[PDB]
Amino acid sequence: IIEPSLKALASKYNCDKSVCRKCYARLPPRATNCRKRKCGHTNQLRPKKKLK
Amino acid sequence: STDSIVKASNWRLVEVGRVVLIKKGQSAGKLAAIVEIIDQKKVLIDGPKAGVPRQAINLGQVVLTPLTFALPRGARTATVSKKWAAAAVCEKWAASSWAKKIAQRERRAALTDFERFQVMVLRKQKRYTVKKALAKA
Amino acid sequence: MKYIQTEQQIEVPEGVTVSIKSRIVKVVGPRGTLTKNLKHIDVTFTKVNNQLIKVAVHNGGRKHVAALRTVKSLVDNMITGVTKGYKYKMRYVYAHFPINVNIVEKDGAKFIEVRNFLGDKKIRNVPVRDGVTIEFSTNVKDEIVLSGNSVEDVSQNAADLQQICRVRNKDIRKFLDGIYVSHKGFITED
Amino acid sequence: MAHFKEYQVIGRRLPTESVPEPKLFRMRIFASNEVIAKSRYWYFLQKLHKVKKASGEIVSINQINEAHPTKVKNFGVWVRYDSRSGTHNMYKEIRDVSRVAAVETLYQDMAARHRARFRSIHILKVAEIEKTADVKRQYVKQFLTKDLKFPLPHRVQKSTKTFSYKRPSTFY
Amino acid sequence: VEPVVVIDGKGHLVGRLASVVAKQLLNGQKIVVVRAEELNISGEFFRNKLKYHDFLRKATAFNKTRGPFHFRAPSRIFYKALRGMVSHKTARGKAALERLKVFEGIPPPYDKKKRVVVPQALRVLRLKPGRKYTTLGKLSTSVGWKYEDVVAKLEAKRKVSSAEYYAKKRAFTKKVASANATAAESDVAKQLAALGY
Amino acid sequence: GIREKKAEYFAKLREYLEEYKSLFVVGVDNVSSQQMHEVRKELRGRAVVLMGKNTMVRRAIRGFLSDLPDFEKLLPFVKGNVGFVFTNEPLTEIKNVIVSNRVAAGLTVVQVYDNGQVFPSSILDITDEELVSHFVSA
RNA sequence: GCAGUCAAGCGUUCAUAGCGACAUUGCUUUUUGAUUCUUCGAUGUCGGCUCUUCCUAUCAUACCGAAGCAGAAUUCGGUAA
RNA sequence: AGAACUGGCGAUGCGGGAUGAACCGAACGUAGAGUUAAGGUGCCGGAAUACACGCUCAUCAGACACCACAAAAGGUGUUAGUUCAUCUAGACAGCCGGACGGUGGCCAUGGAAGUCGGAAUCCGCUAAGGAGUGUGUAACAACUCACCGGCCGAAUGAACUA
């Protein structure tokens, strides 16, 4: 029903990010270090896990 | 109009050959000229005219002027006082109302008691004149 | 290292009239006019011609250099926006529930309204800014576009909308419903 | 650790029947008096040769001054110092008129920035820079740029009195 | 040098203003301060809110009646810091805080007289640029001050009246400049001039 | 290896500057590699063409100032996208093969060099009637 | 007792979703300990009852984030007394 | 808890560390002046909102030994430095020009021409070119790179250190 282009688009805006291993934050999927204070602008991130 | 109107404030710039007042120290109230810049807070000045040596100094006790002249970097004292007087710059500072008030408060300090009474009565008569004058006007 | 002084160049072309005074910057062009207030910075403007302006920092630190650069980008955006216009297109998306988008006014407030958002009985409302315009496209479905000179207004209201269209409690990666911007260009230049 | 100066300290081992007139040895020192000059001379010569002051003698001390002291000038500076956790070499540069005030700012900067102190600090070497564009430090080459000039914005006006009846300025 | 001085907190900083003022009151110089709402402080609003909230929550656990009164007004805030600077427990502190008054806005008599400034407290010059700051009126209303608007209303009214007065006086002075230069170009004027006046 | 490569290019430039009695500095702006290869295939007769980084070209000639001293004023004209068309074949003919044939307007002749002389190619493109107006009017 | 670092390894794969070996750095005094300073010309010496308040190293409720989160339910986690 | 040297409290006031037996200072006849100690000079408080070179902005800032703490380990906040490499034979950034021929390279099929994919990674002429890093066409057409050159021109990056 929903097409691959809109799919990949909303994926970009939601699915393609990265996470802080400490504060669990919504980070750019290519960024380097954390943007948040408490995590100390650490560099310990992951890619967000994709479905199934 | 189509004319873009920028307004930049206009500041007294540090630069080569820049005429300057010394405000503190032994050479307080004197003039020198900056030749070359050491850093943001340090420069080289010389006042052979005014009798201030060639020296490095601080921009905090130094105060700038709206005046300036032109000069080749690295110049020594000969060329310094040379182009200085060639520019005839003390004359221009003399023309500076700034300096006029300088010498004003100077004289006013050097006044005498009887001079002050003189001033008193002079201003009295002047006042009467201006009173009735503006009273008419 | 306390950088001594720097600056950057801003293009004020034909058709443009910029008046700057005390960090208050008005600009005029075809589409209208735009004002901005940078009294939060101590940095100087300079004209060389109606084609060319600079803005300069004196005796500056790294942050302030960065501030200068971003301020260039600001005013240039202002220029481009009151000249070419700015245009932000979002596609609605849903797998089951069509995103019922409409517009309504209250005292002439002009709130966008949305319904049917994943079966929501909720009625979502987003105020519209002044100076901005909204359009429902025809050549393509659910291709809502907004436009205006004020890039601020445009981008921020677009995001306002796609933020109020935000699914709770669930996994977004499947529950992708909500609005998403597709493209941004200029009104002018097609 | 006060207003600085410069002295050449020269000393030798104490002569002997074996070695009358032993080798002399020189060092340029920066210090606020000949006293400290001799002191640090013994220090460095202790960390170089197996001598103590009661083993040697000062041939001489000579206070030094600059050739051309009304000349603003650049120097490269090679320094050793001692951090909390170790010790490090370093090369810095200065723009000033004299070696003296150069070292003055050198030390005060190593205090402000690195908080290494005179005792922690060792000079390896100083040299005025002949050529421009051989400077490596940009905070200097800035000042090297040709036909340079600038303002000094936000003037501040020292008040000697408490109140001024008028909103002051910085028009400068 | 006067029986009175009159200060605005405009562009000023609180601690330093209070410092000089306390020293001067102790030395016996009578003061009023007004336009207190236009005080300014270092740091951002949130930090300052936090500090006010520290002072706020710190009260007498078993009776907030007798514990530390937390005042909401810009006026009384500056007052409190002044009291911290002054020995308010003495007869001396009592008399000094009697000598002193502070307001916000600027009432009739104290508007018709003059205002002064104290460079040793001034935001514009004493702060270094690039650095943030704060205003007491916002802090006060944040932490419970009510009357921030009546202030601005009356102050607009009064500034209008005053700017009107100022321009009146300016035109008068320009007339006077004319009818004084007329005799400035006179012998007695030359006499006084070489006398230095 | 990169320095050996730049020196190899220099070797080509020197070999050519010495072996060939003329070279046409040719503005090669916007020229496609296919147009270049067609220039080569037509210039298989005599002319050989050499390109590269103009900085390396100027460095080559500045190094070759020791002998062949008169290449020095090629350097004010080693600018923009330009290359050398070295040759021994006649001026107007090589100029026509370069400018007219296999052109797209678009390779131009920025400068020509022959025996320590400087030609803007205009006197070279002068066809006739100039000697006529010179000999008749004198 | 609480919280962290590193990362062997589990997690079908997958060092680090959740966990985490061997090591290791701290914190709290709601544990016991240790001491014996105070008090033996006097501190009323379990427990529960009733009662108010404070803490947060948050169980729930508000809000958000992450997941080996399809939904549901669940867990990791932050703001939060 | 216990021993070694010395000095101190207890027997001992005063100045200061707010406060304190043990710190530092210095030890007392009763008074005057003066100079100072350690300590300090925004106000409380007597004393420079003194000067000067700089570091730093903390949504939990910091602020005087003794003395009422805080560590490992991390941070592209910030500062400075080292070492290594790229680069003036022209770097990188960044733009710009070419981004081809043998050649639509082979299989796969309605159509796949460097870019759905399966299988090979050659040669030419080149400053250079991938039998292509991707955009776009039903497929060509059209672009930007890999690779090379025009441009600015001196800088760019990596790892480290405190």
# chains A, B, ... in the order shown; residues from 1 in each chain; ligands from 1
$ interface_residues --of "chain E" --to "chain H" --cutoff "9 Å" --atoms "only C-alpha atoms (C1' of nucleotides)" --output "compact mmCIF listing (two decimals) with C-alpha atoms, in the first residue's frame"
# COMPACT_ATOMS: atom_id res chain seq x y z
CA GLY E 15 26.83 42.57 43.55
CA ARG E 16 29.08 45.45 42.63
CA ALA E 18 25.44 46.79 46.30
CA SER E 19 29.09 46.81 47.29
CA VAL E 20 29.68 50.44 46.57
CA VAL E 21 26.30 51.44 47.88
CA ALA E 22 26.81 49.73 51.19
CA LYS E 23 30.22 51.24 51.65
CA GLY E 43 24.85 34.29 33.74
CA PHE E 46 18.11 29.34 34.29
CA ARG E 47 21.15 29.46 36.55
CA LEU E 50 18.18 27.84 40.22
CA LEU E 82 22.78 44.70 50.45
CA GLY E 84 24.23 40.54 53.42
CA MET E 85 26.89 43.10 52.74
CA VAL E 86 25.85 45.28 55.71
CA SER E 87 25.96 44.64 59.44
CA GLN E 120 31.95 49.98 38.73
CA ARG E 131 29.13 36.46 27.62
$ closest_atom_pairs --of "chain C" --to "chain H" --cutoff "12 Å" --atoms "only C-alpha atoms (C1' of nucleotides)" --output "tab-separated table"
residue	atom	partner	partner_atom	distance
C:1	CA	H:79	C1'	8.2
C:2	CA	H:79	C1'	10.7
C:61	CA	H:78	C1'	10.9
C:62	CA	H:78	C1'	10.0
C:63	CA	H:78	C1'	10.4
$ interface_residues --of "chain E" --to "chain D" --cutoff "7 Å" --atoms "only C-alpha atoms" --output "PyMOL selection string"
chain E and resi 116-119+125
$ write_last_selection --atoms "C-alpha atoms" --output "short mmCIF file (atom, residue, chain, number, x, y, z; two decimals), in the first residue's frame"
data_model
loop_
_atom_site.label_atom_id
_atom_site.label_comp_id
_atom_site.auth_asym_id
_atom_site.auth_seq_id
_atom_site.Cartn_x
_atom_site.Cartn_y
_atom_site.Cartn_z
CA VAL E 116 23.27 58.98 37.99
CA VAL E 117 25.38 55.94 37.14
CA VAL E 118 28.22 53.94 38.69
CA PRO E 119 30.73 52.49 36.21
CA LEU E 125 31.62 47.78 30.05
#
$ closest_atom_pairs --of "chain E" --to "chain B" --cutoff "10 Å" --atoms "only C-alpha atoms" --output "CSV"
residue,atom,partner,partner_atom,distance
E:175,CA,B:134,CA,7.9
E:176,CA,B:134,CA,6.9
E:177,CA,B:134,CA,9.6
E:178,CA,B:134,CA,8.5
E:179,CA,B:134,CA,5.2
E:180,CA,B:130,CA,5.9
E:181,CA,B:130,CA,9.0
E:182,CA,B:130,CA,8.0
E:183,CA,B:130,CA,6.6
E:184,CA,B:126,CA,8.6
E:186,CA,B:126,CA,8.9
E:187,CA,B:126,CA,9.6
E:188,CA,B:122,CA,6.3
E:189,CA,B:126,CA,7.4
E:191,CA,B:122,CA,7.8
E:192,CA,B:119,CA,5.9
E:193,CA,B:104,CA,8.9
E:194,CA,B:107,CA,8.6
E:195,CA,B:119,CA,7.0
E:196,CA,B:108,CA,5.4
E:197,CA,B:108,CA,7.2
$ write_last_selection --atoms "C-alpha atoms" --output "mmCIF file, in the first residue's frame"
data_model
loop_
_atom_site.group_PDB
_atom_site.id
_atom_site.type_symbol
_atom_site.label_atom_id
_atom_site.label_comp_id
_atom_site.auth_asym_id
_atom_site.auth_seq_id
_atom_site.Cartn_x
_atom_site.Cartn_y
_atom_site.Cartn_z
ATOM 1 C CA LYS E 175 18.057 79.526 21.712
ATOM 2 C CA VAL E 176 20.379 80.195 24.589
ATOM 3 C CA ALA E 177 23.349 78.988 22.565
ATOM 4 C CA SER E 178 22.427 81.586 19.952
ATOM 5 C CA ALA E 179 21.886 84.462 22.390
ATOM 6 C CA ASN E 180 25.060 83.470 24.235
ATOM 7 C CA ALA E 181 27.371 83.078 21.251
ATOM 8 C CA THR E 182 26.178 86.567 20.328
ATOM 9 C CA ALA E 183 28.175 87.878 23.298
ATOM 10 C CA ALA E 184 30.733 85.085 23.152
ATOM 11 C CA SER E 186 32.798 89.953 22.664
ATOM 12 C CA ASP E 187 35.765 91.415 24.499
ATOM 13 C CA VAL E 188 34.771 90.178 27.943
ATOM 14 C CA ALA E 189 34.370 86.766 26.403
ATOM 15 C CA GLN E 191 39.072 88.095 28.578
ATOM 16 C CA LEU E 192 37.447 85.125 30.262
ATOM 17 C CA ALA E 193 38.815 82.889 27.531
ATOM 18 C CA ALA E 194 42.431 83.800 28.088
ATOM 19 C CA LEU E 195 41.556 83.508 31.770
ATOM 20 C CA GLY E 196 40.787 79.928 30.784
ATOM 21 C CA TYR E 197 37.005 79.906 31.096
#
$ interface_residues --of "chain A" --to "chain H" --cutoff "7 Å" --atoms "only C-alpha atoms (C1' of nucleotides)" --output "ChimeraX atom specification"
/A:40-42
$ interface_residues --of "chain C" --to "chain A" --cutoff "9 Å" --atoms "only C-alpha atoms" --output "PyMOL selection string"
chain C and resi 91-96+172-174+176-182
$ write_last_selection --atoms "N, CA, C and O atoms" --output "PDB file, in the first residue's frame"
ATOM      1  N   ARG C  91       4.917  14.883   1.736  1.00  0.00           N
ATOM      2  CA  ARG C  91       3.971  13.855   1.323  1.00  0.00           C
ATOM      3  C   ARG C  91       3.338  13.266   2.573  1.00  0.00           C
ATOM      4  O   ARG C  91       4.042  12.985   3.546  1.00  0.00           O
ATOM      5  N   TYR C  92       2.018  13.105   2.564  1.00  0.00           N
ATOM      6  CA  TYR C  92       1.387  12.293   3.595  1.00  0.00           C
ATOM      7  C   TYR C  92       1.655  10.829   3.291  1.00  0.00           C
ATOM      8  O   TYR C  92       1.851  10.449   2.134  1.00  0.00           O
ATOM      9  N   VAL C  93       1.684  10.002   4.330  1.00  0.00           N
ATOM     10  CA  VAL C  93       1.911   8.572   4.172  1.00  0.00           C
ATOM     11  C   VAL C  93       1.132   7.806   5.226  1.00  0.00           C
ATOM     12  O   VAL C  93       1.038   8.228   6.384  1.00  0.00           O
ATOM     13  N   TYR C  94       0.629   6.646   4.830  1.00  0.00           N
ATOM     14  CA  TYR C  94      -0.166   5.788   5.684  1.00  0.00           C
ATOM     15  C   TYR C  94      -0.232   4.439   5.004  1.00  0.00           C
ATOM     16  O   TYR C  94      -0.075   4.340   3.784  1.00  0.00           O
ATOM     17  N   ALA C  95      -0.456   3.407   5.798  1.00  0.00           N
ATOM     18  CA  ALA C  95      -0.660   2.082   5.250  1.00  0.00           C
ATOM     19  C   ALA C  95      -2.117   1.674   5.269  1.00  0.00           C
ATOM     20  O   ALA C  95      -2.559   0.952   4.371  1.00  0.00           O
ATOM     21  N   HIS C  96      -2.865   2.114   6.273  1.00  0.00           N
ATOM     22  CA  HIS C  96      -4.281   1.813   6.358  1.00  0.00           C
ATOM     23  C   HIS C  96      -5.094   3.092   6.404  1.00  0.00           C
ATOM     24  O   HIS C  96      -6.090   3.228   5.691  1.00  0.00           O
ATOM     25  N   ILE C 172       8.009   2.745  15.601  1.00  0.00           N
ATOM     26  CA  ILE C 172       7.859   3.587  14.432  1.00  0.00           C
ATOM     27  C   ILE C 172       8.255   2.859  13.165  1.00  0.00           C
ATOM     28  O   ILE C 172       7.603   3.041  12.126  1.00  0.00           O
ATOM     29  N   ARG C 173       9.275   2.005  13.241  1.00  0.00           N
ATOM     30  CA  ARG C 173       9.879   1.447  12.040  1.00  0.00           C
ATOM     31  C   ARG C 173       8.851   0.682  11.227  1.00  0.00           C
ATOM     32  O   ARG C 173       8.979   0.538  10.007  1.00  0.00           O
ATOM     33  N   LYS C 174       7.825   0.171  11.902  1.00  0.00           N
ATOM     34  CA  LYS C 174       6.655  -0.344  11.213  1.00  0.00           C
ATOM     35  C   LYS C 174       5.552   0.696  11.164  1.00  0.00           C
ATOM     36  O   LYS C 174       4.892   0.861  10.134  1.00  0.00           O
ATOM     37  N   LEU C 176       5.166   3.722  10.628  1.00  0.00           N
ATOM     38  CA  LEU C 176       5.700   4.898   9.959  1.00  0.00           C
ATOM     39  C   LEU C 176       4.692   6.027   9.760  1.00  0.00           C
ATOM     40  O   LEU C 176       5.052   7.037   9.149  1.00  0.00           O
ATOM     41  N   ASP C 177       3.452   5.901  10.232  1.00  0.00           N
ATOM     42  CA  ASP C 177       2.467   6.930   9.931  1.00  0.00           C
ATOM     43  C   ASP C 177       2.851   8.253  10.562  1.00  0.00           C
ATOM     44  O   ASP C 177       3.462   8.305  11.631  1.00  0.00           O
ATOM     45  N   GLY C 178       2.453   9.320   9.897  1.00  0.00           N
ATOM     46  CA  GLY C 178       2.947  10.644  10.199  1.00  0.00           C
ATOM     47  C   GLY C 178       3.444  11.288   8.934  1.00  0.00           C
ATOM     48  O   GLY C 178       3.655  10.637   7.917  1.00  0.00           O
ATOM     49  N   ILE C 179       3.621  12.595   9.006  1.00  0.00           N
ATOM     50  CA  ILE C 179       4.002  13.372   7.845  1.00  0.00           C
ATOM     51  C   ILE C 179       5.506  13.453   7.816  1.00  0.00           C
ATOM     52  O   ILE C 179       6.168  13.297   8.846  1.00  0.00           O
ATOM     53  N   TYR C 180       6.043  13.606   6.622  1.00  0.00           N
ATOM     54  CA  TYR C 180       7.468  13.723   6.402  1.00  0.00           C
ATOM     55  C   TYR C 180       7.693  14.630   5.207  1.00  0.00           C
ATOM     56  O   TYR C 180       7.025  14.508   4.177  1.00  0.00           O
ATOM     57  N   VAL C 181       8.630  15.554   5.359  1.00  0.00           N
ATOM     58  CA  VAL C 181       8.985  16.460   4.280  1.00  0.00           C
ATOM     59  C   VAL C 181       9.615  15.644   3.166  1.00  0.00           C
ATOM     60  O   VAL C 181      10.411  14.739   3.424  1.00  0.00           O
ATOM     61  N   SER C 182       9.278  15.979   1.928  1.00  0.00           N
ATOM     62  CA  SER C 182       9.863  15.295   0.787  1.00  0.00           C
ATOM     63  C   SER C 182      10.976  16.114   0.172  1.00  0.00           C
ATOM     64  O   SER C 182      12.049  15.588  -0.136  1.00  0.00           O
TER      65      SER C 182
END
$ residues_around --residues "segment 57-63 of chain F" --least-positions-apart "4" --cutoff "10 Å" --atoms "only C-alpha atoms (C1' of nucleotides)" --output "PDB file with C-alpha atoms (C1' of nucleotides), in the first residue's frame"
ATOM      1  CA  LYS F   6      56.853  14.310 -12.260  1.00  0.00           C
ATOM      2  CA  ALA F   7      60.496  14.025 -13.330  1.00  0.00           C
ATOM      3  CA  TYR F   9      56.962  14.314 -17.297  1.00  0.00           C
ATOM      4  CA  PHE F  10      59.815  16.817 -17.096  1.00  0.00           C
ATOM      5  CA  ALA F  11      61.902  14.443 -19.217  1.00  0.00           C
ATOM      6  CA  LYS F  12      59.212  14.452 -21.880  1.00  0.00           C
ATOM      7  CA  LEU F  13      58.958  18.239 -21.747  1.00  0.00           C
ATOM      8  CA  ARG F  14      62.733  18.680 -22.087  1.00  0.00           C
ATOM      9  CA  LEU F  17      61.563  21.471 -26.065  1.00  0.00           C
ATOM     10  CA  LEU F  50      52.375  17.231 -24.411  1.00  0.00           C
ATOM     11  CA  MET F  51      50.041  18.172 -21.531  1.00  0.00           C
ATOM     12  CA  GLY F  52      50.321  18.171 -17.759  1.00  0.00           C
ATOM     13  CA  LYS F  53      50.226  20.422 -14.736  1.00  0.00           C
ATOM     14  CA  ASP F  67      71.222  25.852 -21.199  1.00  0.00           C
ATOM     15  CA  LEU F  68      68.666  26.938 -23.837  1.00  0.00           C
ATOM     16  CA  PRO F  69      68.285  30.255 -21.935  1.00  0.00           C
ATOM     17  CA  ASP F  70      65.498  31.710 -24.102  1.00  0.00           C
ATOM     18  CA  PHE F  71      62.604  29.549 -22.849  1.00  0.00           C
ATOM     19  CA  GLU F  72      62.201  31.980 -19.930  1.00  0.00           C
ATOM     20  CA  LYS F  73      59.407  34.027 -21.562  1.00  0.00           C
ATOM     21  CA  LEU F  74      57.319  30.912 -22.180  1.00  0.00           C
ATOM     22  CA  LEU F  75      56.472  31.026 -18.462  1.00  0.00           C
ATOM     23  CA  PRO F  76      54.323  34.206 -18.557  1.00  0.00           C
ATOM     24  CA  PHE F  77      52.280  32.258 -21.158  1.00  0.00           C
ATOM     25  CA  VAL F  78      52.144  28.917 -19.296  1.00  0.00           C
ATOM     26  CA  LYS F  79      48.783  29.833 -17.766  1.00  0.00           C
ATOM     27  CA  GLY F  83      49.597  22.535 -23.555  1.00  0.00           C
ATOM     28  CA  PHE F  84      52.510  22.302 -25.979  1.00  0.00           C
TER      29      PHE F  84
ATOM     30  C1'   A H  89      57.113  19.298  -9.073  1.00  0.00           C
TER      31        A H  89
END
$ closest_atom_pairs --of "chain B" --to "chain D" --cutoff "12 Å" --atoms "only C-alpha atoms" --output "tab-separated table"
residue	atom	partner	partner_atom	distance
B:8	CA	D:171	CA	11.8
B:9	CA	D:171	CA	8.1
B:10	CA	D:171	CA	8.0
B:11	CA	D:172	CA	6.0
B:12	CA	D:151	CA	6.2
B:13	CA	D:151	CA	4.3
B:14	CA	D:150	CA	5.2
B:15	CA	D:149	CA	4.4
B:16	CA	D:149	CA	7.3
B:17	CA	D:149	CA	10.6
B:18	CA	D:149	CA	10.0
B:23	CA	D:158	CA	11.9
B:34	CA	D:149	CA	11.2
B:35	CA	D:72	CA	10.0
B:36	CA	D:72	CA	7.5
B:37	CA	D:143	CA	7.5
B:38	CA	D:96	CA	6.0
B:39	CA	D:143	CA	6.7
B:40	CA	D:152	CA	8.2
B:41	CA	D:152	CA	9.1
B:42	CA	D:96	CA	8.4
B:43	CA	D:72	CA	8.4
B:44	CA	D:72	CA	7.5
B:45	CA	D:70	CA	9.6
B:46	CA	D:70	CA	9.8
B:53	CA	D:70	CA	9.6
B:54	CA	D:70	CA	6.4
B:55	CA	D:70	CA	6.2
B:56	CA	D:97	CA	7.3
B:57	CA	D:97	CA	10.5
B:59	CA	D:152	CA	8.9
B:60	CA	D:156	CA	9.3
B:61	CA	D:158	CA	10.3
B:62	CA	D:152	CA	11.5
B:63	CA	D:172	CA	8.7
B:64	CA	D:172	CA	7.8
B:65	CA	D:172	CA	8.7
B:66	CA	D:172	CA	8.9
B:70	CA	D:147	CA	11.4
B:71	CA	D:147	CA	10.9
B:72	CA	D:147	CA	9.9
B:73	CA	D:147	CA	8.8
B:74	CA	D:71	CA	8.0
B:75	CA	D:71	CA	10.0
B:76	CA	D:70	CA	9.1
B:77	CA	D:70	CA	10.3
$ atom_distance --atom1 "atom CA of residue 108 of chain E" --atom2 "atom CA of residue 12 of chain E"
22.5 Å
$ interface_residues --of "chain H" --to "chain D" --cutoff "8 Å" --atoms "only C-alpha atoms (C1' of nucleotides)" --output "VMD selection string"
chain H and resid 53 to 55 79 to 82 162
$ atom_distance --atom1 "atom CA of residue 80 of chain F" --atom2 "atom CA of residue 44 of chain F"
25.7 Å
$ interface_residues --of "chain A" --to "chain G" --cutoff "10 Å" --atoms "only C-alpha atoms (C1' of nucleotides)" --output "compact mmCIF listing (two decimals) with N, CA and C atoms, in the first residue's frame"
# COMPACT_ATOMS: atom_id res chain seq x y z
N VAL A 19 22.36 5.65 18.13
CA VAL A 19 21.98 5.69 19.53
C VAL A 19 23.19 5.82 20.42
N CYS A 20 23.02 6.59 21.48
CA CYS A 20 24.01 6.63 22.54
C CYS A 20 23.90 5.38 23.37
N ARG A 21 25.03 4.74 23.62
CA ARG A 21 25.07 3.58 24.47
C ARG A 21 24.80 3.90 25.93
N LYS A 22 24.64 5.17 26.29
CA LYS A 22 24.44 5.58 27.67
C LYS A 22 23.09 6.24 27.87
N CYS A 23 22.76 7.26 27.09
CA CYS A 23 21.52 7.99 27.26
C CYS A 23 20.43 7.54 26.31
N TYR A 24 20.74 6.66 25.36
CA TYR A 24 19.75 6.12 24.43
C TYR A 24 19.12 7.23 23.60
N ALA A 25 19.93 7.99 22.88
CA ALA A 25 19.45 9.20 22.23
C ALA A 25 19.32 9.02 20.73
N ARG A 26 18.56 9.91 20.12
CA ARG A 26 18.25 9.84 18.70
C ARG A 26 19.32 10.61 17.95
N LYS A 38 24.98 14.77 29.64
CA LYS A 38 25.23 13.72 30.61
C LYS A 38 26.08 12.60 30.04
N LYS A 48 20.92 2.06 14.60
CA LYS A 48 19.64 1.58 15.08
C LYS A 48 19.31 0.26 14.41
N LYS A 49 18.76 -0.67 15.18
CA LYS A 49 18.50 -2.00 14.65
C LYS A 49 17.25 -1.98 13.79
N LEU A 51 14.18 -3.84 11.29
CA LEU A 51 13.13 -4.79 11.63
C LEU A 51 13.31 -6.11 10.90
N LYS A 52 13.22 -7.19 11.68
CA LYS A 52 13.06 -8.55 11.16
C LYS A 52 14.06 -8.92 10.06
$ atom_distance --atom1 "atom CA of residue 114 of chain B" --atom2 "atom CA of residue 190 of chain E"
17.6 Å
